[PDB]
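Trainee:
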Amino acid sequence: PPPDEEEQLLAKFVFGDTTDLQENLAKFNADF
Amino acid sequence: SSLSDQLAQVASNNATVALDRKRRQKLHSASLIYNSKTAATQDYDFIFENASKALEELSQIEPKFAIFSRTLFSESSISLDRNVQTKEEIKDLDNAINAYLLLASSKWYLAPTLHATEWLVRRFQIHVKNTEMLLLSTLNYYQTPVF
Amino acid sequence: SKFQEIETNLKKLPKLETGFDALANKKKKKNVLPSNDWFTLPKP
Amino acid sequence: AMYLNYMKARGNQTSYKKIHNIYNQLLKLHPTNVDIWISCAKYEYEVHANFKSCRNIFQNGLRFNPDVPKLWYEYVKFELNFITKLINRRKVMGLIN
Amino acid sequence: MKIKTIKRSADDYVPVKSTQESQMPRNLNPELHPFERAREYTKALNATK
Amino acid sequence: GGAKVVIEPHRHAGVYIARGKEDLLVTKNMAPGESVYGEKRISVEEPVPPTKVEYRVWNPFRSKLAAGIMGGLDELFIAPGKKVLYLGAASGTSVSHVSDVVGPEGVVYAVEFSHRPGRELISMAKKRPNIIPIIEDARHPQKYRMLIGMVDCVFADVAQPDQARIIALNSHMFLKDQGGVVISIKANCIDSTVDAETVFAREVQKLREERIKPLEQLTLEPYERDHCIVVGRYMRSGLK
RNA sequence: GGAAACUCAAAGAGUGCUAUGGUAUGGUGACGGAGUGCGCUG
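Protein chains in written order, with full-length UniProt numbering: chain A, 13 to 44; chain B, 2 to 148; chain C, 50 to 84, 101 to 109; chain D, 111 to 207; chain E, 1 to 49; chain F, 82 to 128, 134 to 326.
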């Protein structure tokens, strides 16, 4: 049982995952 | 101090949480485009989709809004509630809101920025949470109807 | 070989055209535009 | 039409009488909208090749709105396609047999 | 130390748009609903009356 | 004739009284600048400058409904936003007054069967857009059931002996529940072998047999001998 | 008594809104689709 990138993408859609949202809010750092 | 003073303090802390229907209506009818009777019946999906349209217009005018489409205007942010995450996530999204506001301070003469920051007003409650940066950013426009 | 020309003719016959399933797959480009009585005598 | 597209694209698992039911109630509600008549007859000729029912659909649509020329043109188109398939199957049975 | 409290979140319980009804979450625990014989006895008595 | 009056709102909404030394029942004019049957008018200058709006004198000797109003009816159902189905719109005499009492936001369906009155009704309904003239017999409401929907008051100025059946048919088709039923009964035109109180009692009994609860009747005596207005409401369930 | 209101509550009346399960999806591989046979309608 490996992971998968397309599976984890639409799994993040289906389970309502804001993990990448909080990652981007912590990451974006006002770089412009 | 008195009990009504301490309770005014806890009201000012809990200003943005909707604890029943009447507070949700009084708190969601605060729009920047529509009047109260339309703004209370609108949804998050409706105001999000036309704010995403206006952010695409604002981004083709000035291309530094695309990362706000990545984080602040993404579709995870329809369900992102502000007062349910901790202080560190709050300071992350509040410097995201500060970045958007001092980027779009210059653009305040053209309606895509009004329809785009409509979603910051109604989803993230920046008229009552991130309010000092909002006043300071649009202070120049004080003879105008947007101010 | 002896009928592939008429098979291609059946392939190129004009089919019945609708706009209904294209209407299912339609998308929009829409913006958002911003927001006395007859019988009452005049109170002097 | 999203309903009809999903129901058609469901494949072997759906039933063509289940598509017939939603065609029947959609044509009942919108008899004047003519692209539904064209789409109904197009599904039942260009997929199932049911000439009798396709003729019945076109005659019922022309009973309802005999005013738009588009339904007239698609009916003469269907009749020419049917007679062309008839004479081509005649030519094919000659060329084989 | 991991830690988790009740996050009620107010989007699931009081609706956003005003035109629609409030959510009624259910929980079928008999601990939550205690007097199950007396309550429907009184409903049957009020039905006979 | 060139004098000055003061306009004052009546108890009934949409109608007014002009007090002078003789006071006049008065309605607002929906088509300002012309008279319909030669009545006199009053032009006030109400306060872009002020606009000259005007008013029309309702003549009780040429209108059974005005005779009823100024004899004193406790409740007309003709009101400033309503829909009235006028039966027996014999010309545009009272239909014009009902029309501008009802106002621009309400509708008067004027049903008449003769044709030269219908021609005058259509030429009056040009300048009064809130009048739908219906040239048809009221004894068959199905012949115009397609043109009218869900009126609020019926007024009946028909003068036929099958009056109560006409009123009942038009009410059962187009009147809504607890709507108004205003009837002008003429005793001599119903039948002249019995007296006026007998024919009024029979007509009221016919109305409650067709389940229209009568609230009020008025004889309207100084303007018409042996007439009546019966005001009822369409109860539809439970006159009791 | 009076004044103010994006103030807080307690209640009353009317109006609006498809307000629509007369016994809830086409289907727990116990299933579905195709075809056949029986049944049914004119």
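Note that CB positions come from ideal geometry on N, CA and C, so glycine has one too.
Are any of the Cβ atoms in chain F nearer than 7 Å to that of C/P63?
Mentor: So no, C/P63 is outside the interface.
Trainee: Can you tell which of F/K299, F/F260, F/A153, F/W144 has the C-alpha that lies nearest to the C-alpha of F/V194?
Mentor: Checking every option, the nearest Cα to that of F/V194 belongs to F/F260.
Trainee: Could you tell me whether the Cβ of F/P203 comes closer than 7 Å to any Cβ of chain C?
Mentor: It does not; no Cβ of chain C falls within 7 Å.
Trainee: Listed in chain order, which residues of the segment 86-98 of chain B have Cβ atoms closer than 7 Å to some Cβ of chain A?
Mentor: Going along the segment 86-98 of chain B in chain order, one finds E90, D93, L94, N96, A97 with a Cβ nearer than 7 Å to chain A.
Trainee: What residue does the beta strand (DSSP E) around F/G318 start on, and which one ends it?
Mentor: Looking at the DSSP string, the run of the beta strand (DSSP E) that includes F/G318 is 313-319.
Trainee: Have a look at C/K64 and D/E184 and give me their C-alpha separation to the nearest angstrom.
Mentor: Distance between the alpha carbons of C/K64 and D/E184: 9 Å.
Trainee: What are the partner residues of F/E198, as DSSP defines its beta bridges?
Mentor: DSSP output for F/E198 lists F/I221 as bridge partner(s).
Trainee: Just grab the DSSP bridge partners of F/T108 for me.
Mentor: Looking at the DSSP assignment, F/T108 forms a beta bridge with F/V96, F/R142.
Trainee: Can you grab the Cα-Cα spacing for the pair F/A165 / D/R120, in whole Å?
Mentor: F/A165 and D/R120: Cα-Cα distance of roughly 59 Å.
Trainee: I'd like to know if B/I48 contacts chain C, where contact means its C-beta is closer than 7 Å to some C-beta of that chain.
Mentor: Not closer than 7 Å to any Cβ of chain C, the Cβ of B/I48 fails to qualify, so no.
Trainee: Between the C-alpha atoms of F/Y97 and C/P83, what's the straight-line distance to the nearest angstrom?
Mentor: Roughly 43 Å between the two C-alpha positions.
Trainee: Rounded to a whole number of angstroms, what is the C-alpha to C-alpha distance between F/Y141 and F/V107?
Mentor: Taking the straight line joining both Cα atoms gives about 6 Å.
Trainee: Measure the beta-carbon distance from D/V144 to D/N175 and round it to whole angstroms, keeping in mind my assumption that it falls under 8 Å.
Mentor: 6 Å between Cβ atoms; contact.
Trainee: Taking buried to mean at least 16 other C-beta atoms within 10 Å of its own C-beta, is B/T114 buried or exposed?
Mentor: Label assigned to B/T114: buried.
Trainee: Can you list, in chain order, the residues of the segment 26-53 of chain B whose Cβ is nearer than 7 Å to any Cβ on chain E?
Mentor: So the list reads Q26, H29, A41, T42, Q43, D44, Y45, given in the order they occur along the chain.
Trainee: List the whole-angstrom C-beta distance separating A/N36 from B/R71, where the pair is believed to meet the contact cut-off of C-beta under 8 Å.
Mentor: Indeed they touch by this definition, with Cβ atoms about 6 Å apart.
Trainee: Could you name the residues of the same chain whose beta carbon sits closer than 6 Å to that of F/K229, not counting the 5 residues immediately before and after it, in chain order?
Mentor: Hits under 6 Å: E222.
Trainee: Whose CA, out of F/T137, F/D160, F/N256, lies closest to the CA of residue 129 of chain F?
Mentor: It's not possible to place residue 129 of chain F here, given that chain F moves directly from 128 to 134.
Trainee: Provide the residue(s) that pair with F/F241 in DSSP beta bridges, ordered along the chain.
Mentor: DSSP output for F/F241 lists F/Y172, F/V268 as bridge partner(s).
Trainee: Taking Cβ positions only, does F/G114 come closer than 7 Å to chain C?
Mentor: No, no contact with chain C.
Trainee: Once DSSP output is grouped into helix, strand and coil, what is the label at A/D29?
Mentor: A/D29: coil per DSSP, three-state reduction.
Trainee: Leaving out the 5 sequence neighbours to the left and right, which residues in its chain are closer than 7 Å to F/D263 when beta-carbon positions are compared?
Mentor: The residues are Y320, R322.
Trainee: The segment 169-189 of chain D: which residues have C-beta closer than 7 Å to a C-beta of chain C, in chain order?
Mentor: Cβ contacts with chain C come from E184, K187, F188.
Trainee: Who are the neighbours of B/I68 on chain A, taking C-beta pairs under 7 Å?
Mentor: Chain A residues near B/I68: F40.
Trainee: So F/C239 and F/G204 are supposed to be a Cβ contact under 8 Å. How far apart are they, rounded?
Mentor: At roughly 22 Å, the Cβ-Cβ gap does not stay under 8 Å, so F/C239 and F/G204 are not in contact.
Trainee: Can you name, in chain order, every residue of its own chain whose Cβ lies under 6 Å from the Cβ of F/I234, other than the five neighbours on each side?
Mentor: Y195, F260.
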